[PDB]
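Given next are two forms of a protein chain, the same chain in both, each as C-alpha cells and marked structure 1 or structure 2.
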Structure 1
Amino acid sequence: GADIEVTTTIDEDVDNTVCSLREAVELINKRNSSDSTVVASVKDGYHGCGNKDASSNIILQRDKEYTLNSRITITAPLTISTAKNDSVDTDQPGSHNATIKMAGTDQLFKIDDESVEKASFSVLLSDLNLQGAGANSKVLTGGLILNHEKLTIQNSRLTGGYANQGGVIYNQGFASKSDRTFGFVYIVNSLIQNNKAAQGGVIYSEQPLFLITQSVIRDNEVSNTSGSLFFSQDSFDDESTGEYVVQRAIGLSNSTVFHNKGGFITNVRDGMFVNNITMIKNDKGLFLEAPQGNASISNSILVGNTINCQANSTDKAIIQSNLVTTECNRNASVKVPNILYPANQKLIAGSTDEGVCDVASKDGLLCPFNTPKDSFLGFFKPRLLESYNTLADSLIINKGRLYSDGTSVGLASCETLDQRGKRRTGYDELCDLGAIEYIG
C-alpha cells in the first residue's frame, strides 16, 4: 500500500508473501543502493515487503512484540513507527506502542551509510518500545543503537541497553572538521530506563552531538564513577562554541532525572546547555568542564543528589536561575542569580521518592514521582507552599522569566514548553523551575 506494513513478529529473511522488519529495512537499503543490479532486484519488492508509493515508512502494528535475533543495519533514510489510527483514541499515551525486543545478545540497529564524504541521512523512530538484551548483552558499543547518522527518537521507551560504551546509543562522528558524516541523536518525549555501560551509560558520543528534551531518565548506571550517562569524549575545536550554546541545540531540557547510579548525569562541555530539568535523588549530578565559558545551566532543580555538581579547576560554565546548593552556585550574573536551597528543607512530600503525595504536607517542594493516566511520562509535581502575598519566597514557582537579551542573560531564558508539552509562558510571563510548569 502507501507504507511498508510488517506482517509478522518473527525475524525472517525468507522470500515469501510475509514481510518482516528485517526485510522491510533491507528493501529500503537496496532501493537506495548504487549498484543498479541491486536496485533492479527490488524493483518489485523484496522477500514479501513492498509498497506502491515506494516511500521509506515502516509501519508496525499496535501492542505487538517484534523479535530480532540479531542487529539490523540501516543504510538508507527511513522511518519506523506504530500504526496511528485507533480504529476511540482515549487511552494512556505511550501504551499500544509496538515493541522491538532482542532475542539474543546483539544490539538492535546500526545506522551508517558505510561510506566517507556521503552526507548523513535522517532516521525517525516513533512510538516504539526498544528492549535490549540486558544482562545477556554481549554488545561492546551501543547496546541498543550504534549511530552514525542524524537520528530522531520520539514517544518511545528505551530499555535494556547494556554495553561497554553507550548503553542506549553510541553516537559516532566528529563535527569540528569539514566532515558532514557525523551522527546526531535527538530524543524527545521518551523514557530511558534500565540501561548500563562502563562509560556513557545512556549515550556515548565522541563529541557533544545529542539533545534530550521532554524525557524521563531513570534507573540508569555508568559503572565508572568518573564517567557520565550522557558522555562527550572530545570537545569542539573552538568551532564557535558560543554559537552552539545560544541556539540551545546540544544538551538536556525539560527532563526528569532521578534514581540513576554510578557516575555523573552528563559532562557539560562548551556548547552544551541545560534548561528546566529536575535532577534529584541521583548518585552524581553534573560534571562541569567548559573552559571557554560557552555553556549554560538554567531554570533547573539541581539538589537532592549525593554529589549535585563537580567541576574541573578551569571550568567557567554559567549557572543562572537554578535551585542549587552552595557548591553549584557559581554566582554568574548579578542580574540573573540562583536560588539557594535552604538547609533542612524537605524536598519530597512523601515517605518515598515515588508513590502517593502527602497533599496535606505544609512542607515539601515536590510530590513523589507519579505517572498520570493522561500521560506517558511521570514527573515530580511542584507544590505551592507559599501564600499569594509570599509567592516571591517560593523556591520553584514563578522564579524563571523570558529574557531575549542575546548575551549571558538570554542563556537563562525559560523553555517555551515543559515536559508535558504545556506552554510555560503562553498565558503568563514567568516560568517555574524544573521540568514541570505548576498547573495545580
Structure 2
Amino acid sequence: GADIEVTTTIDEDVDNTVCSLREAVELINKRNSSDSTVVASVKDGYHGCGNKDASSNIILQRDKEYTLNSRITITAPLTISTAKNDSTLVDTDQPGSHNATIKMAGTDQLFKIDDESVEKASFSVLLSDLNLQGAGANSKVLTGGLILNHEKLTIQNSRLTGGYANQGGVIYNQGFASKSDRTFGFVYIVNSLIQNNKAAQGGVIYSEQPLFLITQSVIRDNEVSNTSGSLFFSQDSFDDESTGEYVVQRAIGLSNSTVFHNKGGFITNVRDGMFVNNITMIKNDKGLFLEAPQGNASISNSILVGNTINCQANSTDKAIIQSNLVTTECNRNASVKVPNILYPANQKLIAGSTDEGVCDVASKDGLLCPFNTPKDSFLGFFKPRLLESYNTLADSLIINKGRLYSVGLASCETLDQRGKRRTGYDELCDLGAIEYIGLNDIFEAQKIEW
C-alpha cells in the first residue's frame, strides 16, 4: 500500500492532523502488536499518520531536518528513507546532497531497536539515504550514541555523525550468536560516511560478538579514547569451531572501505571469523589489532601502511595476512603462494603534501592521489595513481597486485568502494578500496604537456 510520509518536522505524539516520525514508527509498532485491541486501535491511522493498508515504509522529505527530543523505540520491521525524485529526469546533483536529516535536539540516542514477541524473532530494519546526527558533545548516552540495536539493522547511503557514548559511538550491538541464540543484533553498513563519532570503547560499533559487516564506506575523524580499544570492537569471541566457516563466507568484517584520520585506539580487533578485504587504511593513529588465535581470520588485498601503528598482535594470533601492501609490522602469517607486497622505505604514499585535496597529475611520485570526493559520487577515496615511472603494471605496488578468482579466501571483492565492478581482466585487481578504471590522468598529462 501507500508509504507513510511524515508531514511535520517537529517531535510529537499528539492526536492532530499532522504525522511525525515518532508517530509513524508508533503506528507500525502498534499494527505489529500481539494485542488485538491495540492493532484495531490504529486501523485508520495513529494521531495523524494515516493507515488503512499503509506500508511499513516511512518517507522523509528531501532537504528537510527532522528533530528528536528523545529516542524512538522500534519494535517492528520498517524502513526509513528520504523521498526519491523522478528517475526519468536529469539528476546531475551530487548523490547524497538532498538527504533528509534526523537530528537529536536532546541528549539521547536516536533509536532503540528490539523485540519482545513470543517467537517471531529477529526482524529487519532499513535506514537509507539519511543524515543521522547525534547529540555530539551534549550526549549523555552510555551505550549506542546513535542506535542501540538487537535486530537485523542495515544502513545504506547515509551519513552517521555525532554519535558519542561510553560504549558504541554509532551503534551498540547486543546479542550472542549460536545454534540456540538465534535472536542477536547484526549491523550491515554499505555506502555510508562515518565521521565525528567517539566512545571509550567501540568508537563506532561496540558489538558483544563479531556481528557486523562494513562495506563501501568512508570511516574518518572518529575516536576511541581507550588507546587499546577499537572503533569496531568485538567484546567476546565466538564459541569455537564455527569461525572456520565464517571467514571463507566473508560475512563479518570490513571491505571496500577507506579508513583514515581516526584517533586513539585501533580500527578493529580482528578475531576469528572476521575478514578484511580491499580496504585503504592509511594515516590513522592505529590500524589493526590481531587476536585470531585459531587462524580463522583473513586480511587481504588492502593498503595497510602510513599509520603510527599499522598492526599489533595480542598474545595468541594466527590471522592470515596475504596480498596486502604492508610494512614488516603487518607481514605476519603470510603464505608462500599469496605473499604480501612489501612497502619500500623510499616510497611516497600520497602525491603532493596534503592528505586530502586536489591531485597533481604532474607528480612523478606518490602511490595515491590525496583524498577527494568526485562530483558524481557520495563518498570520497584515495585513487591509485598509474605513474609514468611504471614501464609495466608490475612496477606498481598497488595496481594489478591482487587476484580476482569466493575462491581461496584471498580473492578481491567483486566491486570497489564506488560500487563499480572490478573487471578482473587476467584475473587481476588493485589493492585497496578503489579499482583503477578511468585513464583521465593519462589524457590530462597529454593536454598539460607543451
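Just so we're on the same page, rigid core means the largest C-alpha set that superposes within 1.5 Å between forms. Here, residue number means position along structure 1's sequence, counting from 1.
- Annotation: the position in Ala343, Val334, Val116, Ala135 displaced by at least 2 Å at CA between structures 1 and 2, with the core superposed, corresponds to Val116.
- Annotation for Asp428: C-alpha shift of 2 angstroms or more between structures 1 and 2, rigid core superposed.
- When two forms of a protein are overlaid on their rigid core, residues whose CA moves 2 Å or more are considered shifted, and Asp374 is not one of them between structures 1 and 2.
- With a cut-off of 2 Å and the rigid core superposed, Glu65 has a Cα displacement that falls short of the cut-off between structures 1 and 2.
- Comparing between structures 1 and 2 on a rigid core frame, one finds that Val168 has its C-alpha moved by 0.2 Å.
- Superposed on the core, the two forms differ at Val359, whose C-alpha moves 1.4 Å between structures 1 and 2.
- If you overlay the core, the Cα of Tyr388 moves by 6.0 Å between structures 1 and 2.
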